[PDB]
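Participant: To start, I am sharing the structure in question, which I have written as structure tokens.
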Amino acid sequence: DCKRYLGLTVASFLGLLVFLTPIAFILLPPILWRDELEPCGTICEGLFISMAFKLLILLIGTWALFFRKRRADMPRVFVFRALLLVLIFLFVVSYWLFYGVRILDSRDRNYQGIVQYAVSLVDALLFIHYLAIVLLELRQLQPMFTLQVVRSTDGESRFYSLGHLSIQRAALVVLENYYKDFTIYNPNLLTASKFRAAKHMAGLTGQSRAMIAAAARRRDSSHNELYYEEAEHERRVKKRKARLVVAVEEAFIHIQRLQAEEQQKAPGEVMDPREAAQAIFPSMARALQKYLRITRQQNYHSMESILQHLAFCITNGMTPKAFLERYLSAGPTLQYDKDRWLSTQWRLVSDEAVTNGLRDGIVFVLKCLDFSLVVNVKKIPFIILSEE
Amino acid sequence: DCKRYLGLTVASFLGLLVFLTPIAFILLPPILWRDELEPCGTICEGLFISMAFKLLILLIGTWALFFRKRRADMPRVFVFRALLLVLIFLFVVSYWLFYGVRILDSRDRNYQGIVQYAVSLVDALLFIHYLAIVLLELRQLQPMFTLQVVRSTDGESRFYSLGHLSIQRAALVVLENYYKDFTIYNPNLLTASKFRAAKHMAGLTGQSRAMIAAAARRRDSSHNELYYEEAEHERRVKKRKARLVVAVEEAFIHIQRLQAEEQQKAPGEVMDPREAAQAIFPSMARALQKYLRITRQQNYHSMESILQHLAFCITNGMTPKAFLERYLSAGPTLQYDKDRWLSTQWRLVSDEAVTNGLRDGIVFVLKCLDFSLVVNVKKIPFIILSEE
Amino acid sequence: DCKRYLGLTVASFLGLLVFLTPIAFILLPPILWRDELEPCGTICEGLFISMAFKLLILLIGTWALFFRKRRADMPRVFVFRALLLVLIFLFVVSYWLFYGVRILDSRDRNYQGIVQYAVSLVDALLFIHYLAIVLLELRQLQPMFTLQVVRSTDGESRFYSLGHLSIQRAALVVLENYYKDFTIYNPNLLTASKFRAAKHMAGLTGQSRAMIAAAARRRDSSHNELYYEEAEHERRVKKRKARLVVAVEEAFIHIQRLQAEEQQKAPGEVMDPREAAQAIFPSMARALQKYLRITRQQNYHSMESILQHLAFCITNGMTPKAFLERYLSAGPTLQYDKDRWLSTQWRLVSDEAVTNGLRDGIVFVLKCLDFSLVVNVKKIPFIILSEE
Ligand SMILES: CC(C)CCC[C@@H](C)[C@H]1CC[C@H]2[C@@H]3CC=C4C[C@@H](OC(=O)CCC(=O)O)CC[C@]4(C)[C@H]3CC[C@]12C
Ligand SMILES: CC(C)CCC[C@@H](C)[C@H]1CC[C@H]2[C@@H]3CC=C4C[C@@H](OC(=O)CCC(=O)O)CC[C@]4(C)[C@H]3CC[C@]12C
Ligand SMILES: CC(C)CCC[C@@H](C)[C@H]1CC[C@H]2[C@@H]3CC=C4C[C@@H](OC(=O)CCC(=O)O)CC[C@]4(C)[C@H]3CC[C@]12C
Ligand SMILES: CC(C)CCC[C@@H](C)[C@H]1CC[C@H]2[C@@H]3CC=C4C[C@@H](OC(=O)CCC(=O)O)CC[C@]4(C)[C@H]3CC[C@]12C
Ligand SMILES: CC(C)CCC[C@@H](C)[C@H]1CC[C@H]2[C@@H]3CC=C4C[C@@H](OC(=O)CCC(=O)O)CC[C@]4(C)[C@H]3CC[C@]12C
Ligand SMILES: CC(C)CCC[C@@H](C)[C@H]1CC[C@H]2[C@@H]3CC=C4C[C@@H](OC(=O)CCC(=O)O)CC[C@]4(C)[C@H]3CC[C@]12C
């Protein structure tokens, strides 16, 4: 709690002082001298309301665009943010020094000559705001480069289009798209592949090349063990899927019967779905467990999670197919619980510095626990179009 | 017609008057007094052209961004639009009152002091324009939240990334992505599922739990009726697909033969594809009807629509595979006719008010005739990246 | 090289002169007259720093948004770019003429009256910059229209959402999405289809319609030759895929064994993957060639490309599944070599003028060597949402 307040005060007090700087500039001359005032006329009154409106617009824009919580942590310093911060710092301190030196040191600088200066601040500071969207959001709008992300474990391949962005920013975009695009990582397939491959190790340069070529030729004429076992596994998966579908349909029929029975007990008082899920889960529990075992998905789907999903479906009145399809096949990472995914162990590996922008032919790696994503960057070819 | 003009006049006259307000401000002093003019010099001439250029830029921007037809109707009031409208209203009326009170009430306010005021308007109003993109478009650029949309009927699941948006805006985005992303809703599958489930109803707490567990265990050892009938249906669908492919290939061969025959009749005079479609449709009509019956897609595909698609393919000279794949499997909603989809019966259900912004863990429902879409909102986890 | 420099000088000198125009405007009066200077005071000093900051912001924005290489060539003139260029040209020349006529022709226009003019330029020019994003990027942000792109050869269908854009811009967006979205074009399937269809040609109005209907009815009762041969082809493809998977697993086991053996030879000195790939390729070469022959993918995948991919996987330590899936099925165009795709022969065909904006119901064609993409444009329906 203390750290949050300490971080918030730094960003709040500086913003408050830079926003009230025009107010101080327009309220200091009246309080410094009283009998030396020159006739202001009307230009000051006309400029005051325009300055107030510009300040209100700046406040609204700052709240809309930049009053938000940080989403990700950058391994290195952010070039654009640091540039904007130092630009704002100099923009403020130079004006403060000018006001303190060229104005407060002499009995001069009439009020009518200060208000036009004051509106010169909000006119310029807003321009800095106009720069902020340029470096952050408007720079990446154009689809310049193409990023291909391939997983090292299961080989899932995805394609995205990005603009002129840093390596770290591109990696963060790839990571945020990974959760909602890539299939959940399953180490069971990796363990099965390792078990299959370990048999060759357990069993055990022109001449060596000839010998290995002859061995490969002999293997090509051997029995195709993989195909028949894959077909049998697919048949078993289909049979268990059909059994699970039938069980879920019967469970939903029982749910409808229970709701109908509870309707007569009390009108206008819907029952809580929790007890219905409690009573209905054992009916399909065996089928669901068998399907998870045959699909190697028991680790991700927990009993409490299944009950919560069933209760959510009961509240929404979803069809049995919607409930079935969640456990049917593996999907996005965000579907499962929060503890399933880790957003802290991610690392970036690249020969080039991450501060540099995207270039054609550069390749980087996003490492994480037991798995890595290789990202290839390519340049969009020069498309030439002609009217026939 | 009258309603359209009435709505257009309100948005046109106000824009015209707010755009011509600087013109009135710079043209009223010359017409009010003539012999009281002060020497303007050159600053007024320099400011006039800058004001004209700023007005031209504002006109171009207003035409580009905001001169467009409304796309969707908001069930509640739009906060950002109302805020912008009231801000513009006060920005105009306060300046009008200031001009009418502090200037027109006395023989003062020399011309050189008014032009600098006039350019203060277009400088500020454009800033309001700069605010309009901030609240409407620039606010949703950052991918803050993730929305998962699941259909209640068939369980189709999709994932999207949105920014800081209202519940109604997120629902509208989900709806507009539904047409081009989700598969067309097919009630035939629902009717088949209901017919299958009705058999159990027609046939008909620890002890009850034990009895239902024993019944489920006995059912698990029963015959798997679903798998074999699904396999037979898939085989029939594949056979009818092959027959339809052969029929379409023969029809395209006949189309090519007819075109070749018509070539000799008259050079440079291509035949209208309508009669070719008329003559060719009966050849593949039986196969197409059988495929639609076996795929439960006869309702969506009409005979006139099939003829129009065939004529379009003849004009474009598409391969038979392109024609086949449209009727092969169900696709997006926008493929079929306009009357197929309804954009009026949509409703929004959410415990929280739709005016509030997106928050983690909130869930809402988009209802429509016989089907609902459940949308879950999640927050992107804090991704921490480190350089190894 | 000469052409690049000639093109760069035109865009560089004009930018330099328009950026230094305020500097010339503020530095010419001091060098023209010396003894006629009026007391400047302090407003000039306050405006100078604001002008410098605005110039710096303009330079940063110009570098960020517009200092980039051209991506595509427009067959016709670009309306927005031409409008911006002519607007800038007039904005510069009119001010230059005004400065040369109304200032340099008389011993007038005191310095204090010029600086406020000078800041009037950077205030307006930046606004022109604010217009540039409006016409180019901010105009297409709103998802107005939907574009459906269907290939003429294989019938691949994709859907995209675009804004208020010209026909040329929409075609360019479709083309840039085609590489990363559509499957690579394979003429082998077209040749097979043509060979299958040529048999009917080689073998060879109410009465004609009856005869063709009877022929179609007789054909519907004939043998389904396509289904059985497709099933046999699928079985052969699956068997060869399993054999290739086994061969790749054995090759990766050999790679791991070679790496382990080389580890003892020298610590901290990793071997180059080129020789390992050279020694390992013959082991899986026969299986890979057989799979390419059965999948008609031998043309795209070359031996050098396979060796490079194997070396890349060895460097990244990818699983055999990742290596297998690249050659498993045809994917995006960008995966293969640069020479595979052509971005010069693209042509645009449309009855309406390409300079006009997108409208509902308009259809255009993107032609290229042996294949065309038909794009249909539709308007998003008016969605009406109500709170229950
Ligand atoms: C008058 C005002 C606008 C001056 C503002 C200061 C900038 C000129 C400074 C502030 C932050 C600096 C950046 C901070 C960090 C880096 C990372 C740094 O990366 C490396 O040293 C490794 C990559 C390499 O080898 O080049 C390269 C310079 C750069 C972009 C700096 C470039 C110069 C910047 C933009
Ligand atoms: C007479 C006065 C007005 C001249 C002012 C010079 C500026 C136009 C220069 C000086 C320092 C430059 C900056 C120095 C370092 C950086 C970091 C640099 O970062 C990178 O290379 C990584 C980001 C990317 O990929 O663009 C990008 C250019 C930038 C912002 C430069 C932009 C142009 C700046 C502001
Ligand atoms: C000096 C100028 C800029 C003043 C402009 C007026 C605004 C302060 C007003 C105009 C429209 C108002 C909004 C109109 C409608 C609503 C919906 C309203 O929703 C509810 O009452 C239900 C949700 C809840 O329980 O909070 C909440 C306030 C809000 C956002 C209002 C907040 C205050 C707003 C932005
Ligand atoms: C001394 C003067 C300059 C103070 C001016 C105060 C403003 C900075 C305040 C006063 C009224 C506020 C508004 C009152 C109500 C609304 C509606 C409110 O709407 C919502 O909560 C839903 C939209 C969303 O999710 O952000 C968002 C904040 C906003 C625009 C507020 C933004 C900040 C405003 C303009
Ligand atoms: C005071 C300043 C802002 C004037 C700037 C000049 C514009 C009014 C000009 C410059 C470029 C012109 C465009 C250049 C090319 C074309 C394509 C041209 O296309 C055709 O002639 C075929 C389509 C048809 O049949 O209308 C239509 C006019 C247009 C958009 C022109 C419209 C008028 C433009 C925008
Ligand atoms: C008293 C003074 C300030 C009046 C100035 C009139 C402008 C508001 C007009 C005059 C010329 C017009 C332009 C003439 C031609 C074109 C090209 C035209 O191009 C198209 O139709 C294709 C692009 C699209 O789909 O919008 C779009 C409108 C535009 C920019 C027009 C925008 C509005 C302009 C600048």
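Chain lettering (A, B, ...) mirrors the order of the structure tokens, residue numbering begins at 1 for each chain separately, and ligand numbering begins at 1 in order of display.
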Please identify every residue of chain A that has at least one atom no more than 8 Å from any atom of chain C, counting only C-alpha atoms, and report them as a PyMOL selection string.
Facilitator: chain A and resi 91+102+109+113+117+120-121+124+127-128+131+134-135+138-139+141+144+150-156+159-160+197+200-201+209+212-213+216+220+224+226-227+374+380-388
Participant: Using DSSP on the backbone coordinates, identify all residues within stretch 12-59 of chain C classified as alpha helix (DSSP H); present the result as a PyMOL selection string.
Facilitator: chain C and resi 12-32+43-59
Participant: Using N, CA and C atoms, can you export the residues from the last selection as an mmCIF file, in the first residue's frame?
Facilitator:
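For reference, out.cif as written:
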data_model
loop_
_atom_site.group_PDB
_atom_site.id
_atom_site.type_symbol
_atom_site.label_atom_id
_atom_site.label_comp_id
_atom_site.auth_asym_id
_atom_site.auth_seq_id
_atom_site.Cartn_x
_atom_site.Cartn_y
_atom_site.Cartn_z
ATOM 1 N N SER C 12 13.870 16.353 -49.336
ATOM 2 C CA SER C 12 14.689 16.860 -48.240
ATOM 3 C C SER C 12 14.829 18.379 -48.271
ATOM 4 N N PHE C 13 15.137 18.950 -49.439
ATOM 5 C CA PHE C 13 15.342 20.392 -49.529
ATOM 6 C C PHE C 13 14.058 21.160 -49.235
ATOM 7 N N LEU C 14 12.924 20.685 -49.757
ATOM 8 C CA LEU C 14 11.653 21.351 -49.488
ATOM 9 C C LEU C 14 11.314 21.308 -48.004
ATOM 10 N N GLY C 15 11.507 20.153 -47.368
ATOM 11 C CA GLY C 15 11.271 20.064 -45.936
ATOM 12 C C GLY C 15 12.190 20.971 -45.143
ATOM 13 N N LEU C 16 13.467 21.023 -45.526
ATOM 14 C CA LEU C 16 14.416 21.884 -44.830
ATOM 15 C C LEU C 16 14.021 23.350 -44.952
ATOM 16 N N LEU C 17 13.613 23.780 -46.149
ATOM 17 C CA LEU C 17 13.263 25.186 -46.327
ATOM 18 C C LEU C 17 11.963 25.532 -45.607
ATOM 19 N N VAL C 18 10.968 24.640 -45.639
ATOM 20 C CA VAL C 18 9.728 24.943 -44.927
ATOM 21 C C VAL C 18 9.947 24.916 -43.419
ATOM 22 N N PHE C 19 10.908 24.120 -42.939
ATOM 23 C CA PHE C 19 11.199 24.104 -41.509
ATOM 24 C C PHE C 19 11.998 25.330 -41.081
ATOM 25 N N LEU C 20 12.895 25.815 -41.939
ATOM 26 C CA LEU C 20 13.709 26.981 -41.624
ATOM 27 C C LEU C 20 13.037 28.299 -41.987
ATOM 28 N N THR C 21 11.866 28.258 -42.623
ATOM 29 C CA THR C 21 11.134 29.486 -42.934
ATOM 30 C C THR C 21 10.876 30.371 -41.719
ATOM 31 N N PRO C 22 10.430 29.859 -40.562
ATOM 32 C CA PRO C 22 10.338 30.745 -39.386
ATOM 33 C C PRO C 22 11.678 31.329 -38.971
ATOM 34 N N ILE C 23 12.760 30.560 -39.111
ATOM 35 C CA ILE C 23 14.085 31.070 -38.771
ATOM 36 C C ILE C 23 14.457 32.231 -39.683
ATOM 37 N N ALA C 24 14.191 32.093 -40.983
ATOM 38 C CA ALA C 24 14.436 33.196 -41.906
ATOM 39 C C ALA C 24 13.555 34.394 -41.575
ATOM 40 N N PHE C 25 12.290 34.145 -41.227
ATOM 41 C CA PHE C 25 11.376 35.237 -40.912
ATOM 42 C C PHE C 25 11.840 36.013 -39.686
ATOM 43 N N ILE C 26 12.421 35.322 -38.705
ATOM 44 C CA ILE C 26 12.881 36.000 -37.497
ATOM 45 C C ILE C 26 14.308 36.528 -37.608
ATOM 46 N N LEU C 27 15.081 36.082 -38.601
ATOM 47 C CA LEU C 27 16.453 36.539 -38.763
ATOM 48 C C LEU C 27 16.650 37.527 -39.906
ATOM 49 N N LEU C 28 15.632 37.774 -40.726
ATOM 50 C CA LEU C 28 15.780 38.733 -41.816
ATOM 51 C C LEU C 28 15.659 40.190 -41.363
ATOM 52 N N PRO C 29 14.701 40.556 -40.507
ATOM 53 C CA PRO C 29 14.611 41.959 -40.057
ATOM 54 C C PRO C 29 15.885 42.451 -39.388
ATOM 55 N N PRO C 30 16.549 41.654 -38.534
ATOM 56 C CA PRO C 30 17.813 42.149 -37.957
ATOM 57 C C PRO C 30 18.899 42.408 -38.987
ATOM 58 N N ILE C 31 18.931 41.646 -40.081
ATOM 59 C CA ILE C 31 19.973 41.829 -41.086
ATOM 60 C C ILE C 31 19.593 42.852 -42.152
ATOM 61 N N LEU C 32 18.309 43.197 -42.272
ATOM 62 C CA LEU C 32 17.897 44.179 -43.269
ATOM 63 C C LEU C 32 18.132 45.603 -42.775
ATOM 64 N N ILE C 43 8.353 39.963 -25.070
ATOM 65 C CA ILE C 43 7.426 39.059 -25.748
ATOM 66 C C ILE C 43 8.142 38.271 -26.838
ATOM 67 N N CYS C 44 9.083 38.910 -27.538
ATOM 68 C CA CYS C 44 9.837 38.210 -28.573
ATOM 69 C C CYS C 44 10.664 37.075 -27.982
ATOM 70 N N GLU C 45 11.312 37.321 -26.840
ATOM 71 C CA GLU C 45 12.100 36.275 -26.194
ATOM 72 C C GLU C 45 11.219 35.114 -25.752
ATOM 73 N N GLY C 46 10.043 35.416 -25.196
ATOM 74 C CA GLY C 46 9.126 34.362 -24.801
ATOM 75 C C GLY C 46 8.581 33.572 -25.973
ATOM 76 N N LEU C 47 8.353 34.235 -27.106
ATOM 77 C CA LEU C 47 7.839 33.543 -28.283
ATOM 78 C C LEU C 47 8.913 32.727 -28.990
ATOM 79 N N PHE C 48 10.179 33.144 -28.898
ATOM 80 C CA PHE C 48 11.249 32.433 -29.594
ATOM 81 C C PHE C 48 11.396 31.006 -29.077
ATOM 82 N N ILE C 49 11.379 30.832 -27.755
ATOM 83 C CA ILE C 49 11.561 29.502 -27.183
ATOM 84 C C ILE C 49 10.355 28.618 -27.485
ATOM 85 N N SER C 50 9.149 29.193 -27.450
ATOM 86 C CA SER C 50 7.959 28.430 -27.813
ATOM 87 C C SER C 50 8.014 27.989 -29.271
ATOM 88 N N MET C 51 8.464 28.878 -30.160
ATOM 89 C CA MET C 51 8.604 28.518 -31.566
ATOM 90 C C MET C 51 9.642 27.419 -31.752
ATOM 91 N N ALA C 52 10.758 27.499 -31.023
ATOM 92 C CA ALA C 52 11.776 26.456 -31.112
ATOM 93 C C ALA C 52 11.237 25.113 -30.633
ATOM 94 N N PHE C 53 10.487 25.115 -29.529
ATOM 95 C CA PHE C 53 9.904 23.874 -29.028
ATOM 96 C C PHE C 53 8.892 23.300 -30.013
ATOM 97 N N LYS C 54 8.071 24.163 -30.617
ATOM 98 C CA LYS C 54 7.110 23.695 -31.612
ATOM 99 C C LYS C 54 7.817 23.121 -32.833
ATOM 100 N N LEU C 55 8.914 23.754 -33.257
ATOM 101 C CA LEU C 55 9.692 23.224 -34.373
ATOM 102 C C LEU C 55 10.290 21.865 -34.031
ATOM 103 N N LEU C 56 10.785 21.705 -32.801
ATOM 104 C CA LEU C 56 11.315 20.411 -32.378
ATOM 105 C C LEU C 56 10.229 19.340 -32.381
ATOM 106 N N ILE C 57 9.037 19.681 -31.884
ATOM 107 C CA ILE C 57 7.930 18.727 -31.877
ATOM 108 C C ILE C 57 7.546 18.350 -33.303
ATOM 109 N N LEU C 58 7.497 19.337 -34.201
ATOM 110 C CA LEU C 58 7.178 19.061 -35.597
ATOM 111 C C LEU C 58 8.229 18.161 -36.236
ATOM 112 N N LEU C 59 9.508 18.404 -35.938
ATOM 113 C CA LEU C 59 10.570 17.553 -36.463
ATOM 114 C C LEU C 59 10.425 16.121 -35.967
#
Participant: From the list B:88, B:292, B:353, B:204, which residue is nearest ligand 3 when using only C-alpha atoms and all ligand atoms?
Facilitator: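 Counting only C-alpha atoms and all ligand atoms, the residue closest to ligand 3 is B:353.
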Participant: Run DSSP on the backbone and grab whatever in stretch 81-307 of chain B lands in strand (DSSP E or B); send it over as an MDAnalysis selection string.
Facilitator: chainID B and resid 145:151 157:162 166 183
Participant: Could you report the residues within 6 Å of ligand 3, using only C-alpha atoms and all ligand atoms, as a ChimeraX atom specification?
Facilitator: /B:79,82-83,86-87,353,355
Participant: Excluding same-chain residues fewer than 6 positions from residue A:178, what lies within 9 Å of it counting only C-alpha atoms, as a list in words?
Facilitator: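 The residues that qualify are residues 149, 158, 332 and 333 of chain A.
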Participant: Using only C-alpha atoms and all ligand atoms, tabulate the residues of chain A lying at most 6 Å from any atom of ligand 2, each with its closest atom pair and that distance in Å to one decimal, by chain and increasing residue number, as CSV.
Facilitator:
residue,atom,partner,partner_atom_place_in_ligand_line,distance
A:165,CA,ligand 2,25 (O),6.0
A:166,CA,ligand 2,25 (O),5.5
A:355,CA,ligand 2,22 (C),5.5
A:356,CA,ligand 2,22 (C),4.6
A:357,CA,ligand 2,25 (O),3.4
Participant: Nearest to ligand 4 among B:359, B:327, B:100, B:40, with distances taken over only C-alpha atoms and all ligand atoms: which residue is it?
Facilitator: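 Under the stated criterion, the closest residue is B:359.
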Participant: One number please: atom CA of residue C:339 to atom CA of residue C:295, in Å, one decimal.
Facilitator: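 Atom-to-atom, atom CA of residue C:339 to atom CA of residue C:295, that is 21.1 Å.
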